[PDB]
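The structure file structure04.tsv is reproduced below (TSV, C-alpha atoms).
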```tsv
chain	number	residue	atom	x	y	z
E	17	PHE	CA	-3.37	-25.57	19.70
E	18	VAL	CA	-7.08	-24.82	20.08
E	19	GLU	CA	-6.05	-22.24	22.69
E	20	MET	CA	-4.06	-20.53	19.93
E	21	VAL	CA	-6.80	-20.59	17.29
E	22	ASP	CA	-8.06	-17.11	16.38
E	23	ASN	CA	-5.25	-15.42	18.35
E	24	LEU	CA	-4.60	-12.94	15.50
E	25	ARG	CA	-6.49	-9.68	14.92
E	26	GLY	CA	-6.15	-6.51	12.90
E	27	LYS	CA	-7.69	-4.05	10.47
E	28	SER	CA	-7.72	-4.49	6.70
E	29	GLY	CA	-4.41	-3.19	5.36
E	30	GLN	CA	-2.94	-2.73	8.86
E	31	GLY	CA	-1.43	-6.22	9.24
E	32	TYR	CA	-2.12	-9.01	11.75
E	33	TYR	CA	-1.14	-8.68	15.39
E	34	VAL	CA	-0.95	-11.09	18.32
E	35	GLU	CA	-1.29	-10.25	22.02
E	36	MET	CA	1.89	-10.41	24.09
E	37	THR	CA	3.04	-9.44	27.58
E	38	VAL	CA	6.47	-8.13	28.57
E	39	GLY	CA	8.19	-7.49	31.90
E	40	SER	CA	7.20	-8.14	35.50
E	41	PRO	CA	4.49	-7.53	36.28
E	42	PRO	CA	3.26	-8.36	32.71
E	43	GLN	CA	2.48	-5.46	30.35
E	44	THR	CA	-0.03	-6.30	27.59
E	45	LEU	CA	0.71	-5.06	24.06
E	46	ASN	CA	-0.60	-5.91	20.58
E	47	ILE	CA	2.24	-6.96	18.30
E	48	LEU	CA	2.42	-7.13	14.51
E	49	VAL	CA	3.37	-10.58	13.19
E	50	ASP	CA	6.01	-9.98	10.55
E	51	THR	CA	7.81	-12.88	8.86
E	52	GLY	CA	9.63	-10.30	6.73
E	53	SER	CA	11.82	-8.89	9.54
E	54	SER	CA	13.71	-10.13	12.61
E	55	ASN	CA	13.44	-7.61	15.46
E	56	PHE	CA	11.04	-7.59	18.39
E	57	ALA	CA	10.50	-3.85	18.87
E	58	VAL	CA	7.74	-2.10	20.78
E	59	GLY	CA	6.73	1.51	21.35
E	60	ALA	CA	8.16	2.61	24.70
E	61	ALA	CA	7.19	6.29	24.76
E	62	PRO	CA	3.84	8.21	24.42
E	63	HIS	CA	3.69	8.61	20.63
E	64	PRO	CA	0.20	10.07	19.92
E	65	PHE	CA	-0.87	7.15	17.68
E	66	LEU	CA	-0.32	4.55	20.44
E	67	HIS	CA	-3.03	3.02	22.62
E	68	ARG	CA	-0.27	2.10	25.06
E	69	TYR	CA	3.46	1.46	25.27
E	70	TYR	CA	6.18	-0.53	26.99
E	71	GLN	CA	7.28	1.11	30.25
E	72	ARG	CA	10.65	-0.39	31.21
E	73	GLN	CA	11.00	1.37	34.56
E	74	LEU	CA	7.98	-0.61	35.76
E	75	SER	CA	9.53	-4.01	35.09
E	76	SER	CA	11.66	-5.66	37.76
E	77	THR	CA	12.94	-8.16	35.19
E	78	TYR	CA	14.06	-5.53	32.68
E	79	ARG	CA	17.75	-5.43	31.78
E	80	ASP	CA	19.35	-2.55	29.88
E	81	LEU	CA	21.81	-3.69	27.21
E	82	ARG	CA	23.29	-0.18	27.12
E	83	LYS	CA	23.06	-0.34	23.34
E	84	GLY	CA	21.03	1.54	20.77
E	85	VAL	CA	19.44	0.30	17.56
E	86	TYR	CA	18.45	2.21	14.42
E	87	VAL	CA	16.27	0.74	11.68
E	88	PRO	CA	15.87	2.84	8.47
E	89	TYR	CA	13.24	2.50	5.72
E	90	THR	CA	12.49	3.82	2.22
E	91	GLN	CA	11.87	7.19	3.86
E	92	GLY	CA	11.00	6.46	7.49
E	93	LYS	CA	12.46	4.65	10.51
E	94	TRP	CA	12.32	3.55	14.14
E	95	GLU	CA	15.06	3.78	16.74
E	96	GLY	CA	15.35	2.72	20.34
E	97	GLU	CA	17.22	1.23	23.26
E	98	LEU	CA	18.10	-2.46	23.43
E	99	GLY	CA	17.39	-4.65	26.42
E	100	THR	CA	15.86	-7.95	27.45
E	101	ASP	CA	12.87	-8.90	29.56
E	102	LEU	CA	10.42	-11.74	30.19
E	103	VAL	CA	8.10	-12.21	27.22
E	104	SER	CA	4.89	-14.20	27.01
E	105	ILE	CA	2.07	-14.93	24.56
E	106	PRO	CA	-1.22	-15.36	26.48
E	107	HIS	CA	-2.88	-17.20	23.59
E	108	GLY	CA	0.21	-19.14	22.61
E	109	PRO	CA	2.37	-21.81	24.28
E	110	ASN	CA	2.16	-21.66	28.08
E	111	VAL	CA	5.75	-20.48	28.58
E	112	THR	CA	7.79	-17.34	29.25
E	113	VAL	CA	11.22	-16.44	27.93
E	114	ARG	CA	13.80	-13.70	28.19
E	115	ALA	CA	14.15	-12.10	24.80
E	116	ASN	CA	15.79	-9.11	23.22
E	117	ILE	CA	13.46	-6.10	23.13
E	118	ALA	CA	14.00	-2.86	21.24
E	119	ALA	CA	12.26	-0.12	23.21
E	120	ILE	CA	11.22	2.35	20.52
E	121	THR	CA	11.73	5.93	21.70
E	122	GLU	CA	11.63	7.76	18.36
E	123	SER	CA	10.18	6.86	14.94
E	124	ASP	CA	8.81	8.24	11.68
E	125	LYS	CA	6.30	6.66	9.33
E	126	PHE	CA	6.34	3.51	11.47
E	127	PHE	CA	3.22	3.57	13.65
E	128	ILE	CA	-0.17	3.82	11.97
E	129	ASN	CA	-2.63	6.40	13.30
E	130	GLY	CA	-5.79	4.50	14.14
E	131	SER	CA	-4.21	1.04	14.36
E	132	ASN	CA	-4.49	-1.17	17.43
E	133	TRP	CA	-0.92	-2.51	17.60
E	134	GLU	CA	2.03	-1.03	19.47
E	135	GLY	CA	4.92	-3.12	18.23
E	136	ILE	CA	6.35	-5.63	15.79
E	137	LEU	CA	7.46	-9.27	16.14
E	138	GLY	CA	10.01	-10.06	13.45
E	139	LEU	CA	9.96	-13.83	12.93
E	140	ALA	CA	12.65	-14.00	10.24
E	141	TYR	CA	16.31	-14.93	10.88
E	142	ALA	CA	19.12	-13.12	12.71
E	143	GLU	CA	20.86	-12.54	9.37
E	144	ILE	CA	18.67	-9.48	8.76
E	145	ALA	CA	18.13	-8.38	12.35
E	146	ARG	CA	19.45	-5.02	13.56
E	147	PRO	CA	21.93	-3.71	14.49
E	148	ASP	CA	23.59	-6.98	13.40
E	149	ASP	CA	23.13	-10.77	13.32
E	150	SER	CA	24.23	-11.08	16.96
E	151	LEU	CA	20.89	-9.77	18.26
E	152	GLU	CA	19.01	-13.04	18.72
E	153	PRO	CA	15.45	-13.00	17.26
E	154	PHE	CA	12.54	-13.78	19.57
E	155	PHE	CA	11.67	-17.16	18.08
E	156	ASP	CA	15.26	-18.42	18.30
E	157	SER	CA	15.12	-17.52	22.02
E	158	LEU	CA	11.74	-19.19	22.45
E	159	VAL	CA	13.02	-22.44	20.98
E	160	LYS	CA	16.36	-22.40	22.80
E	161	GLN	CA	14.83	-21.76	26.24
E	162	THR	CA	11.87	-24.14	26.10
E	163	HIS	CA	10.70	-27.34	24.44
E	164	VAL	CA	8.47	-25.64	21.87
E	165	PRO	CA	9.18	-27.31	18.49
E	166	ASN	CA	11.10	-25.08	16.10
E	167	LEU	CA	8.22	-24.18	13.79
E	168	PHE	CA	5.10	-22.05	13.61
E	169	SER	CA	2.21	-21.88	11.18
E	170	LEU	CA	-0.05	-19.08	10.01
E	171	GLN	CA	-3.66	-19.03	8.89
E	172	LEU	CA	-4.46	-15.47	7.82
E	173	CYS	CA	-8.22	-15.19	7.25
E	174	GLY	CA	-8.87	-11.66	6.02
E	175	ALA	CA	-12.38	-10.38	6.76
E	186	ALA	CA	-13.28	-3.90	8.65
E	187	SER	CA	-11.67	-6.33	11.10
E	188	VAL	CA	-9.53	-9.29	10.03
E	189	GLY	CA	-8.66	-12.44	11.92
E	190	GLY	CA	-6.29	-15.35	11.86
E	191	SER	CA	-4.30	-17.95	13.72
E	192	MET	CA	-0.62	-18.28	14.58
E	193	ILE	CA	-0.04	-21.80	15.83
E	194	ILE	CA	3.28	-21.72	17.67
E	195	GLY	CA	5.33	-24.91	17.80
E	196	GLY	CA	2.86	-26.95	15.79
E	197	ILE	CA	0.31	-27.66	13.07
E	198	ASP	CA	-3.47	-27.66	13.53
E	199	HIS	CA	-5.17	-30.00	11.03
E	200	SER	CA	-8.49	-28.14	11.33
E	201	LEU	CA	-7.02	-25.03	9.69
E	202	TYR	CA	-6.54	-26.57	6.24
E	203	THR	CA	-7.94	-29.02	3.70
E	204	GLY	CA	-6.23	-31.40	1.29
E	205	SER	CA	-2.54	-32.01	1.73
E	206	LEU	CA	0.43	-29.91	2.74
E	207	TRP	CA	3.21	-29.44	0.20
E	208	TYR	CA	6.68	-28.19	1.05
E	209	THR	CA	9.07	-25.84	-0.68
E	210	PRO	CA	12.64	-25.44	0.61
E	211	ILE	CA	13.73	-22.28	2.40
E	212	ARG	CA	16.45	-21.35	-0.11
E	213	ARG	CA	18.39	-19.37	2.53
E	214	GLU	CA	17.81	-18.50	6.20
E	215	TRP	CA	17.58	-14.68	6.20
E	216	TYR	CA	14.14	-13.79	4.83
E	217	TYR	CA	11.81	-16.73	4.27
E	218	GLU	CA	13.13	-17.10	0.75
E	219	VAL	CA	11.64	-19.63	-1.65
E	220	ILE	CA	11.91	-20.22	-5.41
E	221	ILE	CA	9.06	-19.85	-7.91
E	222	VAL	CA	9.70	-22.08	-10.94
E	223	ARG	CA	6.65	-21.34	-13.07
E	224	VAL	CA	3.64	-19.01	-13.25
E	225	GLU	CA	0.32	-19.62	-15.02
E	226	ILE	CA	-2.81	-17.52	-15.64
E	227	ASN	CA	-6.04	-19.54	-16.01
E	228	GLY	CA	-3.89	-22.57	-16.78
E	229	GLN	CA	-1.73	-20.85	-19.38
E	230	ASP	CA	1.98	-20.45	-18.80
E	231	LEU	CA	3.11	-16.80	-18.73
E	232	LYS	CA	6.02	-17.99	-20.89
E	233	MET	CA	8.93	-16.42	-19.00
E	234	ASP	CA	12.39	-17.47	-17.88
E	235	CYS	CA	11.64	-18.69	-14.35
E	236	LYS	CA	14.53	-16.47	-13.19
E	237	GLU	CA	12.37	-13.39	-13.75
E	238	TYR	CA	10.00	-14.78	-11.13
E	239	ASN	CA	12.67	-14.60	-8.43
E	240	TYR	CA	14.51	-11.42	-9.42
E	241	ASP	CA	16.09	-10.56	-7.18
E	242	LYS	CA	14.41	-12.86	-4.62
E	243	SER	CA	11.06	-14.22	-3.50
E	244	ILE	CA	9.87	-14.24	0.09
E	245	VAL	CA	6.87	-15.14	2.20
E	246	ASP	CA	5.94	-12.05	4.16
E	247	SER	CA	2.94	-11.73	6.47
E	248	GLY	CA	4.06	-8.12	6.84
E	249	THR	CA	3.13	-7.22	3.27
E	250	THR	CA	-0.46	-6.83	2.06
E	251	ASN	CA	-0.14	-7.44	-1.67
E	252	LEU	CA	1.32	-10.08	-3.91
E	253	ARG	CA	4.28	-8.12	-5.26
E	254	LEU	CA	5.79	-9.23	-8.58
E	255	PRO	CA	8.88	-7.83	-10.34
E	256	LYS	CA	8.20	-5.31	-13.15
E	257	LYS	CA	8.62	-7.68	-16.10
E	258	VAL	CA	6.45	-10.25	-14.32
E	259	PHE	CA	3.89	-7.65	-13.23
E	260	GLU	CA	3.25	-6.18	-16.68
E	261	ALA	CA	3.01	-9.70	-18.11
E	262	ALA	CA	0.53	-10.71	-15.39
E	263	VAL	CA	-1.63	-7.60	-15.79
E	264	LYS	CA	-1.62	-7.83	-19.59
E	265	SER	CA	-2.92	-11.38	-19.11
E	266	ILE	CA	-5.53	-10.51	-16.47
E	267	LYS	CA	-6.77	-7.56	-18.52
E	268	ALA	CA	-7.30	-9.91	-21.46
E	269	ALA	CA	-9.18	-12.46	-19.34
E	270	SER	CA	-11.42	-9.73	-17.94
E	271	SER	CA	-11.46	-7.73	-21.18
E	272	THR	CA	-15.22	-8.38	-21.22
E	273	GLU	CA	-15.18	-5.20	-19.11
E	274	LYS	CA	-12.98	-2.10	-19.05
E	275	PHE	CA	-11.13	-0.56	-16.09
E	276	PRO	CA	-9.24	2.76	-15.76
E	277	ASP	CA	-5.43	2.64	-15.68
E	278	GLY	CA	-5.74	3.82	-12.09
E	279	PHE	CA	-7.28	0.50	-11.09
E	280	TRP	CA	-4.46	-1.74	-12.30
E	281	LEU	CA	-2.25	0.44	-10.11
E	282	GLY	CA	-4.06	-0.04	-6.82
E	283	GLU	CA	-5.06	3.63	-7.03
E	284	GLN	CA	-8.59	3.91	-8.39
E	285	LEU	CA	-11.02	1.15	-7.42
E	286	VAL	CA	-13.86	-0.58	-9.26
E	287	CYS	CA	-17.41	-1.14	-8.05
E	288	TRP	CA	-20.36	-3.37	-9.00
E	289	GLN	CA	-23.94	-3.64	-7.78
E	290	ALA	CA	-23.95	-5.45	-4.44
E	291	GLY	CA	-23.75	-9.15	-5.24
E	292	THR	CA	-23.05	-8.86	-8.97
E	293	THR	CA	-19.25	-8.91	-9.07
E	294	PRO	CA	-18.20	-10.78	-12.25
E	295	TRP	CA	-15.77	-13.23	-10.64
E	296	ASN	CA	-15.87	-15.60	-13.62
E	297	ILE	CA	-14.13	-13.00	-15.83
E	298	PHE	CA	-11.07	-12.88	-13.57
E	299	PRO	CA	-8.34	-15.56	-14.03
E	300	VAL	CA	-6.86	-17.82	-11.38
E	301	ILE	CA	-3.13	-17.44	-10.79
E	302	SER	CA	-0.82	-20.41	-10.28
E	303	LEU	CA	2.60	-20.27	-8.68
E	304	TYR	CA	4.84	-23.32	-9.01
E	305	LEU	CA	7.28	-23.69	-6.13
E	306	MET	CA	10.43	-25.81	-6.00
E	307	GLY	CA	9.70	-29.14	-4.31
E	308	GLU	CA	11.45	-31.30	-1.71
E	309	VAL	CA	12.62	-33.78	-4.36
E	310	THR	CA	14.98	-33.35	-7.31
E	311	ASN	CA	13.08	-32.24	-10.44
E	312	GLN	CA	9.84	-32.17	-8.44
E	313	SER	CA	7.64	-29.14	-7.93
E	314	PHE	CA	4.11	-28.35	-6.81
E	315	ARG	CA	1.72	-25.47	-7.38
E	316	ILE	CA	-0.56	-23.12	-5.46
E	317	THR	CA	-3.46	-21.31	-7.10
E	318	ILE	CA	-5.30	-18.20	-5.85
E	319	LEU	CA	-8.81	-17.20	-6.94
E	320	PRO	CA	-9.52	-13.60	-7.93
E	321	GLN	CA	-11.28	-13.09	-4.57
E	322	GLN	CA	-7.68	-13.12	-3.33
E	323	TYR	CA	-6.19	-10.30	-5.40
E	324	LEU	CA	-9.40	-8.24	-5.43
E	325	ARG	CA	-9.74	-6.97	-1.86
E	326	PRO	CA	-12.83	-4.92	-0.78
E	327	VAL	CA	-12.71	-1.35	0.55
E	335	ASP	CA	-22.66	-1.89	-3.56
E	336	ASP	CA	-19.36	-3.78	-3.88
E	337	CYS	CA	-16.04	-2.04	-4.56
E	338	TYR	CA	-12.59	-3.62	-4.95
E	339	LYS	CA	-8.96	-2.63	-5.35
E	340	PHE	CA	-6.35	-4.49	-7.42
E	341	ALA	CA	-4.27	-6.18	-4.71
E	342	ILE	CA	-1.41	-7.07	-7.04
E	343	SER	CA	1.35	-4.50	-7.31
E	344	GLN	CA	4.79	-4.37	-8.86
E	345	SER	CA	8.01	-4.61	-6.92
E	346	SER	CA	11.66	-3.82	-7.52
E	347	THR	CA	12.90	-5.88	-4.59
E	348	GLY	CA	11.66	-9.26	-5.82
E	349	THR	CA	8.53	-11.31	-5.39
E	350	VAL	CA	6.72	-10.83	-2.11
E	351	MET	CA	4.02	-13.29	-1.16
E	352	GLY	CA	1.98	-11.23	1.29
E	353	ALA	CA	-1.54	-11.48	2.67
E	354	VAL	CA	-2.96	-11.74	-0.86
E	355	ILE	CA	-1.21	-15.09	-1.22
E	356	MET	CA	-1.07	-16.17	2.41
E	357	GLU	CA	-4.74	-15.53	3.12
E	358	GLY	CA	-5.66	-18.27	0.68
E	359	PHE	CA	-3.43	-20.86	2.36
E	360	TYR	CA	-2.30	-22.30	5.68
E	361	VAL	CA	1.43	-21.59	5.69
E	362	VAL	CA	3.74	-23.78	7.75
E	363	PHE	CA	7.12	-22.29	8.55
E	364	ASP	CA	8.97	-25.52	9.30
E	365	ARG	CA	12.18	-23.97	10.57
E	366	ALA	CA	13.53	-27.28	11.89
E	367	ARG	CA	13.53	-28.74	8.34
E	368	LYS	CA	14.35	-25.57	6.35
E	369	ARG	CA	11.08	-25.70	4.47
E	370	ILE	CA	7.74	-23.95	4.15
E	371	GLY	CA	4.54	-25.88	3.55
E	372	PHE	CA	1.33	-24.75	1.88
E	373	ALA	CA	-2.19	-26.20	2.00
E	374	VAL	CA	-5.61	-24.80	1.10
E	375	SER	CA	-6.81	-22.71	4.03
E	376	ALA	CA	-10.03	-23.67	5.80
E	377	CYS	CA	-10.95	-19.97	5.85
E	378	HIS	CA	-10.33	-18.86	2.26
E	379	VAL	CA	-13.17	-17.33	0.22
E	380	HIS	CA	-14.21	-19.44	-2.76
E	381	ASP	CA	-16.39	-19.37	-5.89
E	382	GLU	CA	-19.33	-21.70	-6.40
E	383	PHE	CA	-17.52	-22.93	-9.50
E	384	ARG	CA	-13.78	-22.49	-8.99
E	385	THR	CA	-11.72	-23.61	-5.99
E	386	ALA	CA	-8.26	-22.60	-4.73
E	387	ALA	CA	-5.67	-25.37	-4.42
E	388	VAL	CA	-2.25	-26.78	-3.65
E	389	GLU	CA	-1.38	-29.69	-5.91
E	390	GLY	CA	1.49	-31.78	-7.22
E	391	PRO	CA	3.79	-33.39	-8.01
E	392	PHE	CA	5.01	-31.87	-11.26
E	393	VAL	CA	8.21	-32.53	-13.19
E	394	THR	CA	10.35	-29.38	-13.41
E	395	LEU	CA	13.96	-29.49	-14.56
E	396	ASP	CA	16.84	-27.20	-13.60
E	397	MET	CA	14.85	-25.45	-10.89
E	398	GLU	CA	18.10	-24.24	-9.30
E	399	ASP	CA	18.54	-22.08	-12.40
E	400	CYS	CA	15.44	-20.11	-11.35
E	401	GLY	CA	17.31	-18.74	-8.36
E	402	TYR	CA	18.90	-15.31	-8.62
E	403	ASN	CA	22.58	-14.75	-7.81
```
Could you show the structure in this file as structure tokens?
Amino acid sequence: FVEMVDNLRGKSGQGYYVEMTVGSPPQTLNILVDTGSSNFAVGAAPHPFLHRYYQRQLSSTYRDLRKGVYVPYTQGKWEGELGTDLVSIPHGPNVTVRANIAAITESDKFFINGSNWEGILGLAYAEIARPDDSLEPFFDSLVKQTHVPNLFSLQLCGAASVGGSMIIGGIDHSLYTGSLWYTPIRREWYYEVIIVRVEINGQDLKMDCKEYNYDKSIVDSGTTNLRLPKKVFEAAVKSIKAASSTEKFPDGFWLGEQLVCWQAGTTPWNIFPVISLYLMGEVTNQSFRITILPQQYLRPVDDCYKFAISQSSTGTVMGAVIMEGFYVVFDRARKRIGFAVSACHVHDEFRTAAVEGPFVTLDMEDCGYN
């Protein structure tokens, strides 16, 4: 696992990517680690934003599936030709597997000009893969063709360049402190979990827990911000404004638009509240909680910061904002996701992030949306 430590790189806001090789001979490509999707797709044509791309014709092990794939978006998309080839992760488990690969030949609003990645590794379940759930995701193929345990863990460390670790097939004790707590994976499509309570500085936000998971909550390394549903968002902001009312900020700030700056080294951390998310536990009526410091939802860009908490309309998304404070274990074998304080999170000299429990929480099922 020490071979896999620090195997993730990236640029602030551009996601985390891991190095991979495809085809024979091996072609090196940087791939985005996305637990919010399920396709392994890489650029396979000279799009101007790409440092490089997958060249099928040069791989003796490449197999054309004579099938196309089209993945839409809010207003963009990527499309390509399906196939399979030998895939490997140089700084991962010492194995090689034949996996489905979507060679991207055309796309819009997908690649980022100036980024250093050329593809995406969707680690979620087949259920949301494209064109349909028959296209086996990379991880399923990794597990079914080798003896790598069916689980991976992520330690996203933020900072400009960012770094992290994706421990494949295991858990590395040196990446976290305290104990690991597990929440059940409600359903195997996205990495869906259930939030049963939210607190700001220790004070309940007083809301029906169902509003916290409307219309779902997921753990997504592919998203940058902690995204809360409207009702929840406004409630959270109203509460954070109050806590930091000692100072005023333009409406643009609370919208991730306009930023805020303070003399280098004089950021008033103490005036920003800590947020607590209570997740359903492994035992009936039992829950646990995770708390992020403001250094988590106030990401840098003299010191300037941008509100890293935005509203959503597609449910709660626990992106880098949340994940960067914890070591997240995607225990696929046991349908659960574990959290523990990350060994690389940024902390105050007074307040400290945490993962604690147990707590007694009744009718947690009711929090789930249907």
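Going from CA of residue 372 in chain E over to CA of residue 388 in chain E, you cover 6.9 Å.
Rounded to one decimal, CA of residue 289 in chain E and CA of residue 271 in chain E lie 18.8 Å from each other.
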Considering only C-alpha atoms, give me a table of residues in range 125-225 of chain E that are at most 7 Å from range 292-314 of chain E, with the closest atom pair and distance in Å for each, as a Markdown table.
```
| residue | atom | partner | partner_atom | distance |
| --- | --- | --- | --- | --- |
| E:208 | CA | E:307 | CA | 6.2 |
| E:209 | CA | E:307 | CA | 4.9 |
| E:210 | CA | E:308 | CA | 6.4 |
| E:220 | CA | E:306 | CA | 5.8 |
| E:221 | CA | E:305 | CA | 4.6 |
| E:222 | CA | E:304 | CA | 5.4 |
| E:223 | CA | E:304 | CA | 4.9 |
| E:224 | CA | E:303 | CA | 4.9 |
| E:225 | CA | E:302 | CA | 4.9 |
```
(Q) Applying 7 Å and all atoms listed in the file, which residues near residue 140 in chain E remain after dropping the ones on its own chain fewer than 3 positions away? List them as a list in words. (A) residues 51, 52, 53, 54, 215, 216 and 217 of chain E
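Computed from the coordinates, the CA of residue 93 in chain E to CA of residue 187 in chain E distance equals 26.5 Å.
Residues near the point (-0.4, -26.4, 1.9), at a distance of 8 Å or less over all atoms listed in the file, make up residues 202, 204, 205, 206, 207, 208, 359, 360, 361, 362, 371, 372, 373, 374, 375 and 388 of chain E.
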Can you sort out the box for range 351-368 of chain E, edges along x, y and z, all listed atoms in, 3 Å on every side, with centre and edge lengths in Å to one decimal, as lines of an AutoDock Vina configuration file?
```
center_x = 4.3
center_y = -20.0
center_z = 5.3
size_x = 26.0
size_y = 23.5
size_z = 19.1
```
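Distances here use all atoms listed in the file; by that measure, the residue among E:55, E:107, E:126, E:385 closest to residue 22 in chain E is E:107.
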Q.
Here is a test: counting only C-alpha atoms, which residue of E:186, E:400, E:164, E:38 is nearest to residue 233 in chain E?
A. E:400
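With distances restricted to only C-alpha atoms, E:214 is the closest residue to residue 143 in chain E from E:191, E:49, E:393, E:214.
If you measure from each of E:135, E:88, E:341, E:120 to residue 37 in chain E using only C-alpha atoms, the closest one turns out to be E:135.
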